[PDB]
Structures are given as structure tokens and as C-alpha cells.
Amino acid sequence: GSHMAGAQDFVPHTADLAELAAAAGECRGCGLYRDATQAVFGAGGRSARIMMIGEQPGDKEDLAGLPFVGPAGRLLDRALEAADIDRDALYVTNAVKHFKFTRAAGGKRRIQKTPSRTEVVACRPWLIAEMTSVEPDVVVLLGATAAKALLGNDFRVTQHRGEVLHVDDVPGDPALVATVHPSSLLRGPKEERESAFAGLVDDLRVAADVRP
């Protein structure tokens, strides 16, 4: 009803990641396909047991067609290295698959703008498809958007950071760990950003030890 179908019309009944990624290029589940160059689907293979979910592609992601290749990806890799996790053993994706940005004169263009909850819920069927395909043991939710995508619109990362949680409406019942988004660490107060980074590394280590 006045709740949207969003991407559900566009998701094929398949577990194959190539078929899903190509189908996502055709998605018109929300408005974000219009400004964006292409859909940015996940990176990695179905053999991964840990899935990590960011917010949305940024500028270089939208051009490259792959997640976490810009500055946020550098910070993500710093954290993964500190947590002794191999990025190529992960399945990395985003809550929203099309880059949302403004082109408005005169400000910085091609910088991320906040996805609407409408858009996140519209795009969530792709996440469900990816979780059905990869069958992760653990899903790390990087930041508020991704966390709310699976844990609900009233979810606060600051109240549950690093806890190992479960929800009732996701296929296969992976453990969920909500944590800091690496992009949040690019700028901000020094002490809090470094405490947040250490907490991210802790949460990543926790996620790597969990088998529900």
C-alpha cells in the first residue's frame, strides 16, 4: 500500500551474484538510479562468512562500480588490518546501491547526501537477496543508515555499538553487529574519532569470532 514495493519488482529469483548485480543496474525502485552512473553491487564471493554493509557508494565508487574504493575504503582497510581480517574473504556491500549526491551550484558536487528512509527501505530487497546468496554467519552494519536498514528506523548505533544482535525478519538469522561507519572517521574531534576507530576494530574482531 502507501508502503512502497521499491526494488522488489526488480529482484530476480536467483542466488547468483552476477545475475543479481546485473539486475540491479536496471532497478528503478527509487529515484536514486537517475543521478547515479550505475548500481554499485557488492564485492567478494558467496564463500564469505562475514558480510559488511556500508551506507551507499561515494564519488569514486559510482565511477568504478565497486564499494569502498575511496577514502572511506582506506579507513576501512586500516581497521581490517588492525583486526587481522582479509578484505578479500569478506562480502562488502551498501544499504543503498545508487550514489545519492547533489549537483547544486555552488557547493561541492558529487559528495554523498543522506539517503531517505524511503530509499533505504526501497533498496533493502537487494540486501535480502545478497544475504540469501552469501548466507553470512555475521553481518557488520557500518553506520546509522546500514544499521537502521536491518535493525529498524528507531535503532541507535550509539546505544548498541558492538553488541551481537539478532532480528526476526532476515533470512537465515545471521548475527548482526552495528558499529561506526569508516567515513565518520575522516573528519571530526580527535579523541572521539580515535576512540571510535578502536571500537570499530574491537567490533570487527568480535564479528570475526562469532558463529551463531
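All residue numbers refer to positions in the sequence shown, first residue = 1.
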Query raised in the report: Comparing 201-209 with 2-10, where is the mean C-alpha B-factor higher?
Result: 2-10
Query raised in the report: Of the two stretches 31-39 and 180-188, which shows the higher Cα B-factor on average in the entry?
Result: 180-188
Query raised in the report: Between 168, 163, 62, 55, which carries the biggest CA temperature factor in the record?
Result: 168
Query raised in the report: Among 89, 134, 141, 122, which carries the highest Cα B-factor?
Result: 89
Query raised in the report: Ranked by Cα temperature factor within the chain, is residue 21 in the lowest third, the middle third or the highest third?
Result: lowest
Query raised in the report: residue 108's Cα B-factor: lowest, middle or highest third of the chain?
Result: highest
Report task. Sorting the chain's modelled residues by C-alpha B-factor, tell me whether residue 51 ends up in the lowest, middle or highest third. Result -> lowest
Report summary line: By the entry's values, the third containing the CA B factor of residue 102 is the highest
Report summary line: Of the three thirds of Cα B-factor ranks in this chain, residue 82 occupies the middle
